[PDB]
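Note that the protein sequences, when read in sequence, are chains A and A'. A prime marks a further copy of an entry chain.
Add 1172 to a position in the first sequence, counting from 1, and you land on the number used in PDB author numbering.
Add 1172 to a position in the second sequence, counting from 1, and you land on the number used in PDB author numbering.
C-beta: ideal position from N, C-alpha, C; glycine also.
There are 2 protein chains.
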Amino acid sequence: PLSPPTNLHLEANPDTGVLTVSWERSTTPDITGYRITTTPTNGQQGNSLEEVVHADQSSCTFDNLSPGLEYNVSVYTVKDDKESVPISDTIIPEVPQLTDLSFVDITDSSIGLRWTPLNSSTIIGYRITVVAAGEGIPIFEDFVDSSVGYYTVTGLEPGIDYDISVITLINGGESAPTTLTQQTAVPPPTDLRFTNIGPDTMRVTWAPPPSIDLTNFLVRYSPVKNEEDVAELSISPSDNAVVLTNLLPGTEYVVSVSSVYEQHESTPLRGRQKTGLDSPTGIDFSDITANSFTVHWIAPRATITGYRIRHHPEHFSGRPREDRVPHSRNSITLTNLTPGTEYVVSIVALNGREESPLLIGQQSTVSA
Amino acid sequence: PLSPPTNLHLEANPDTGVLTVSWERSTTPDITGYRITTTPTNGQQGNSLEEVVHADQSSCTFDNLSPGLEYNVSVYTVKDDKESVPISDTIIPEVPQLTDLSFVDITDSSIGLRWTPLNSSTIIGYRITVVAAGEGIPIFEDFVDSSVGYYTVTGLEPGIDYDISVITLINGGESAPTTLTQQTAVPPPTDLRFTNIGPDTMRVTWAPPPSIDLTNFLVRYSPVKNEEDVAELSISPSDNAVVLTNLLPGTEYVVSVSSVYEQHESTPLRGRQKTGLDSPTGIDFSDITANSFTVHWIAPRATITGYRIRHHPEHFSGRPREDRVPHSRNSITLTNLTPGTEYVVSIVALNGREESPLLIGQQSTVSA
C-alpha cells in the first residue's frame, strides 16, 4: 500500500490563466514519480488532462483551464507498476474582472469610460450596463471588442445618479460586474450673445439648457486688464438676458454665465466684449465773429484716435461741412461762415472706424 | 404792378436730398431775374436760404434741407429796384426709408437682416425692432451705425411669427418703419450617435430640441452606394432613439432624423454609419482521424480580408491554437491533435481589425 501525497494545494492565477498544483511528497521510499489529472466535475467521461512528473517534483502547472468551470484535480503516487490512492480537490478558476474602471469626461449628459483590456484569449468582449439609479430602468446595454478600453456613455439627464458597470465576457460565461456611481454635471448655458452696446452698458444673452427645475443663473464680469474686480448677479430662472450697467467706456470685459442647481454650479459659458466709446462732453464757443467762431470740447474717457466735427446752419442739416481733428486737440476754429446765422455743431469721438454718440451744440455768428 | 410767377412746383428728392424749385416765368416784359427763399415754417425769424437766378431761368436747387421739416418756398419776380408779390408753397422732405429689407439665414431661433445703407450725412443710425406677433411684447430694440447693412436677430421661439422693422434715424427724427413678418424654422435634433452596432442592426440616438408640443420624429435611412432606396419611420415625441433592423452587413448607411411640427419638418440631422461584419455560417467537418480533421465553413456576405480560426479541447479553452486563413479559402486541415478528444473550433471573419461574431462548432478525433 503506497502512501498518497498530502496537503494538496490548488492555485488558479486569474492574471496568467495558469493553475499551479502543489503537494507534499509521499512518505514511501522508492517511487517513480507523480501523476496529476485535471477533469471537469460534471462527468469524467469527456476530456481530461494528465501531467506526469519525476519523484523529486512536488508541483506542476496546467495553463489551459476554462475560467468559470469547476475541476477535480487528483494526484497519484507512482511506484513503477503501481499507484497510490489519490489526493483530490476541486477548484473553480475565476473569470477575470476589470479592477481599474475609471470615470473621465464627465459633462451634463456624457460619461467617458476608462479601463485597460485583458490580453487573455478566452475573452470575446465586454458588456457595458448603464442603470439610472434615479427612476429609469437598465436602459442601456452595449457590447464591445476584446481590444477596447475606451467607451463613451451619452444622452443622460443632469439630475440623476448613474450606475455604470463593465462585465468581462467569455464563451458561455461572464465575470462579476465592476460598477461605479456618478451624477452628471449641472448643464451650462450655451451661445453667448452681446447686444445693445453702449459706452457704459451692454445686454448679455444666453440659451438656457432644456427644461429644468432651475434655481437661478449666476453672472460674473470683469475687465480683461483687471481680472481681479469681479461683480456678480443673480438672474431669475425664466430670464435669459441681463443688461449690465455702470461699465467703463472703451473697455474689453470678460463675462461668464453659470447655471445653478442643487447648490452645484454649471461650467461657465464665457466670452469677451468691449464697450463703446463715450462722447466728448462740455461743448463751448468763443471769439464769435460774423464769419467765424471757435469751438471747444472735453475729451471722452475712452482711448480715441481723433474726432469728427460737423457744422451746418440750424434747420438746414442736409449738407454739413466736415473737419477731422486728432485726439491731441480739443478745439477748432470754424471759418467761412454766414453772418447772423445760427449754427449746429456736432462732435464725435473716433477710434479708427468706431464712433461715439454725438455731442451737439449751437452757436450764432454775429451780424455783419 | 409786376406779375408774380405762376404754377409753383416743389420736388424734394429723398435719394439725393435736393429740392428742385420750378415755376412758369412772369408775363412782365423786362425783368432782372427771380428771387427764391426757403424758410422753415415754424417762424421766419431764424435761418432762411435765398437763391437768385437770371431772367431766363425757371428753376433752382437747394441741396441742404432737413428731412422731416416743413418749409415755405417763395418765388419773387424781380425788376431792378422792384419785386412782385410772391408765389408760395410748402413742402416736407421725406426722411429716407430703406426699400430693400430682406431675410436670410432663417433658422429655428435666428433671423439675419439684409439691407443696403444710405450714404446720406443726416443719418445717425438705424433702429431694429423685433415684435413677437405671437404673445410677446416689443421685446427687442437695438441700434446700429450708419455704415451697417448686416444685423442678426437671435434667441427666438420656433412656434412664433416675428415682426421685424428697421427705422432710419436722423437728428430729432425717424423714418416710417420698414416691417417684415417671418416664422422661424422647426428646430432640428442635435448630436447624432450610433450605438449597438451589429451586422444587421444599429441603434440611432439624438438630442431633441428644448421642450416643445412635438408631434413626432422622422427617421430616414439608405446605403451610401445606393441612395435611392430610402426607408422611413415615425418616432414617438418622447422617444429619442430607434433600433434599426434588417440591414445589410458591412454596409455604410446614411441616416437622418427630422423633427415634425405644425406639418412642417426640421432640417435633417445627418451622419453616416457602417454595419458590422456578419459571421461565417455552416461549419462542417470531414476526414476525421486520430490526430487531425478538416474544417469547412461558408463565407459571410460582407467584404472580408480573411478569417481567424481557433481550436482547443472542449472544457480547456485557456490556451487555444490559432490559424489565419485569407478570404479566398473556406476550409482548413487542423493537425497535431490528441486522439479521442472533443475539440471546440471557432471561426471569425476579419476585415483588417474589424471582427465578426464567432461561428462555433465541435468535432471529436477518433481513438488511436
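message: Using 8 Å as the threshold, is the C-beta distance between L1191 of chain A' and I1295 of chain A' below it?
response: For the purposes of this step, residue 1191 of chain A' is taken as the residue at position 19 of the second sequence. For the purposes of this step, residue 1295 of chain A' is taken as the residue at position 123 of the second sequence. Contact flag unset, no.
Reduced DSSP secondary structure (H/G/I, E/B, other) of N1244 of chain A: In the first sequence, residue 1244 of chain A corresponds to position 72, counting from 1. Strand, per DSSP.
message: By the 8 Å beta-carbon criterion, what residues does the stretch 1463-1486 of chain A contribute toward chain A'?
response: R1482, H1484, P1485, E1486
- request: Could you say which of A:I1283, A:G1478, A:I1532 lies nearest to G1454 of chain A if we only look at CA atoms?
  value: Numbered from 1 along the first sequence, position 282 holds the residue referred to as residue 1454 of chain A. It is A:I1532 whose Cα lies nearest to the Cα of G1454 of chain A.
- prompt: What residues from chain A' crowd round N1368 of chain A, counting only those whose CB sits closer than 7 Å?
  reply: Position 196 of the first sequence holds residue 1368 of chain A. Here the neighbours are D1314.
- request: Just tell me which of A':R1442, A':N1291, A':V1426, A':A1471 has its CA closest to the CA of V1396 of chain A'.
  value: Counting from one through the second sequence, the residue named residue 1396 of chain A' turns up at place 224. The option with the nearest alpha carbon to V1396 of chain A' is A':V1426.
query: Are the C-beta atoms of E1514 of chain A' and some chain A residue less than 8 Å apart?
result: Position 342 of the second sequence, counted from the start, is the residue given in the question as residue 1514 of chain A'. Yes, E1514 of chain A' lies at the interface with chain A (some Cβ there is under 8 Å from its Cβ).
message: Using a Cβ-Cβ cutoff of less than 6 Å, which residues in the same chain neighbour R1197 of chain A' once the five nearest sequence positions on both sides are dropped?
response: Counting from one through the second sequence, the residue named residue 1197 of chain A' turns up at place 25. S1230.
message: Within 8 Å of any Cβ in chain A', is that where the Cβ of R1493 of chain A sits?
response: Mapped onto the first sequence, residue 1493 of chain A falls at position 321. Not flagged as an interface residue toward chain A': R1493 of chain A, since no C-beta distance is shorter than 8 Å.
- prompt: When DSSP builds the beta bridges, which residues end up paired with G1284 of chain A?
  reply: Stepping through the first sequence from its first residue, residue 1284 of chain A is reached at position 112. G1284 of chain A is bridged by DSSP to A:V1276, A:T1324.
message: Here's the rule I'm using: 16 or more other beta-carbon atoms within 10 Å means buried, otherwise exposed. How should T1423 of chain A' be labelled?
response: Numbered from 1 along the second sequence, position 251 holds the residue referred to as residue 1423 of chain A'. It counts as buried.
Cα-Cα separation between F1366 of chain A and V1276 of chain A', rounded to whole angstroms: Residue mapping note: residue 1366 of chain A aligns to position 194 of the first sequence, counting from 1. Residue mapping note: residue 1276 of chain A' aligns to position 104 of the second sequence, counting from 1. Roughly 21 Å between the two C-alpha positions.
Beta-carbon contacts of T1199 of chain A' that lie in its chain and below 7 Å, excluding the five residues immediately before and after: Residue numbering aside, residue 1199 of chain A' sits at position 27 when the second sequence is read from its first letter. Cβ neighbours of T1199 of chain A' beyond the five flanking positions: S1175.
- prompt: Under a three-way DSSP split, which group does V1358 of chain A fall into?
  reply: Position 186 of the first sequence, counting from 1, holds the residue named residue 1358 of chain A. In the structure shown, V1358 of chain A sits in coil (DSSP, three-state: anything other than H, G, I, E or B).
message: Contact criterion: CB-CB distance below 8 Å. Does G1327 of chain A meet it with respect to chain A'?
response: Locating residue 1327 of chain A in the first sequence gives position 155, where the first residue counts as 1. Judged by the 8 Å Cβ criterion, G1327 of chain A is in contact with chain A'.
task: State the DSSP-derived secondary structure class of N1508 of chain A, mapped to helix, strand or coil.
output: As a first step, residue 1508 of chain A is located in the first sequence; it is residue number 336 there, counting from the start. Under the three-state reduction of DSSP output, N1508 of chain A falls in the coil class, being neither helix nor strand.
query: Would you call the stretch 1484-1493 of chain A' and the stretch 1222-1238 of chain A in contact, with 3 or more CB pairs under 8 Å?
result: yes
message: So if I threshold CB-CB distances at 7 Å, which residues from the stretch 1341-1356 of chain A' count as touching chain A?
response: Of all residues in the stretch 1341-1356 of chain A', only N1343 place a beta-carbon less than 7 Å from a beta-carbon of chain A.
message: Among the candidates A:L1221, A:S1430, A:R1375, A:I1519, whose CA atom is the shortest distance from the CA of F1457 of chain A?
response: What you label residue 1457 of chain A is simply residue 285 of the first sequence in a count that begins at 1. Ranking A:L1221, A:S1430, A:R1375, A:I1519 by Cα distance to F1457 of chain A puts A:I1519 first.
query: Is the stretch 1244-1256 of chain A' in contact with the stretch 1203-1223 of chain A', if contact means three or more CB pairs nearer than 8 Å?
result: yes
query: In the structure shown, what three-state DSSP assignment does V1415 of chain A' receive?
result: On the second sequence, position 243 is the one that residue 1415 of chain A' refers to. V1415 of chain A': strand per DSSP, three-state reduction.
- request: Determine the direct distance from the alpha carbon of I1336 of chain A to that of residue 1159 of chain A, and round the result to whole angstroms.
  value: This structure gives no information on residue 1159 of chain A, because the portion of chain A shown stretches from 1173 to 1540.
query: Which chain A' residues are close to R1365 of chain A, counting only those with a beta carbon under 9 Å from its beta carbon?
result: On the first sequence, residue 1365 of chain A is found 193 positions in, with the first residue counted as 1. Residues of chain A' passing the Cβ test: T1324, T1326, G1327.
message: Just to confirm the assignment, what range does the beta strand (DSSP E) spanning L1180 of chain A have?
response: Taking the first sequence and counting its residues from 1, the one referred to as residue 1180 of chain A is at position 8. Start and end: 1178-1185.
- request: May I ask you to list the residues that DSSP assigns as paired with residue 1158 of chain A'?
  value: Beyond the ends of chain A' as shown, which are 1173 and 1540, falls residue 1158 of chain A'; an answer cannot be given.
message: Suppose you measure from the CA of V1358 of chain A' to the CA of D1363 of chain A; what does that come to, to the nearest Å?
response: Taking the first residue of the second sequence as 1, we reach residue 1358 of chain A' at position 186. Taking the first residue of the first sequence as 1, we reach residue 1363 of chain A at position 191. The alpha-carbon atoms of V1358 of chain A' and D1363 of chain A are separated by roughly 19 Å.
- request: Tell me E1196 of chain A''s beta-bridge partners as DSSP assigns them.
  value: Along the second sequence, read from residue 1 onward, the residue named residue 1196 of chain A' stands at position 24. According to DSSP, which records beta bridges pairwise, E1196 of chain A' is partnered with A':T1178.
- request: Quick one: which residues of the stretch 1214-1242 of chain A' get their C-beta closer than 9 Å to a C-beta of chain A? List them in chain order.
  value: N1214, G1218, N1219, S1220, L1221, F1234, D1235, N1236, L1237, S1238, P1239, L1241
query: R1493 of chain A and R1482 of chain A: beta carbons closer than 8 Å?
result: In the first sequence, the residue the question calls residue 1493 of chain A occupies position 321. In the first sequence, the residue the question calls residue 1482 of chain A occupies position 310. Closer than 8 Å, so yes.
message: Within 10 Å of its beta-carbon, does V1193 of chain A have 16 or more other beta-carbons around it, so buried, or fewer, so exposed?
response: Looking up residue 1193 of chain A in the first sequence gives position 21. So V1193 of chain A ends up on the buried side.
task: Check the Cβ-Cβ distances between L1270 of chain A' and every residue of chain A, and say whether any is below 8 Å.
output: Translated into positions along the second sequence, residue 1270 of chain A' becomes position 98. No, no contact with chain A.
message: Judging by CA-CA distance, which residue of A':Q1445, A':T1271, A':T1351 is the nearest neighbour of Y1393 of chain A'?
response: Here residue 1393 of chain A' refers to the residue found at position 221 when the second sequence is read from its first residue. Considering only A':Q1445, A':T1271, A':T1351, the residue with the shortest C-alpha distance to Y1393 of chain A' is A':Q1445.
query: Looking only at C-alpha atoms, which of A':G1524, A':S1528, A':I1504, A':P1511 sits nearest to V1517 of chain A'?
result: Counting from 1 along the second sequence, the entry for residue 1517 of chain A' is found at position 345. Per the Cα distances, A':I1504.
field: For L1270 of chain A', the residue or residues it bridges with in DSSP
entry: On the second sequence, residue 1270 of chain A' is found 98 positions in, with the first residue counted as 1. Paired residue(s): none; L1270 of chain A' is not in a bridge.
task: Step through the CB atoms of chain A and report whether any lies within less than 8 Å of the CB of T1209 of chain A'.
output: Taking the first residue of the second sequence as 1, we reach residue 1209 of chain A' at position 37. Chain A contact via Cβ: absent.
- request: Using three-state DSSP, classify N1398 of chain A' as helix, strand or coil.
  value: Here residue 1398 of chain A' corresponds to residue number 226 of the second sequence, with the count starting at 1. Here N1398 of chain A' carries a helix assignment [DSSP, helix/strand/coil].
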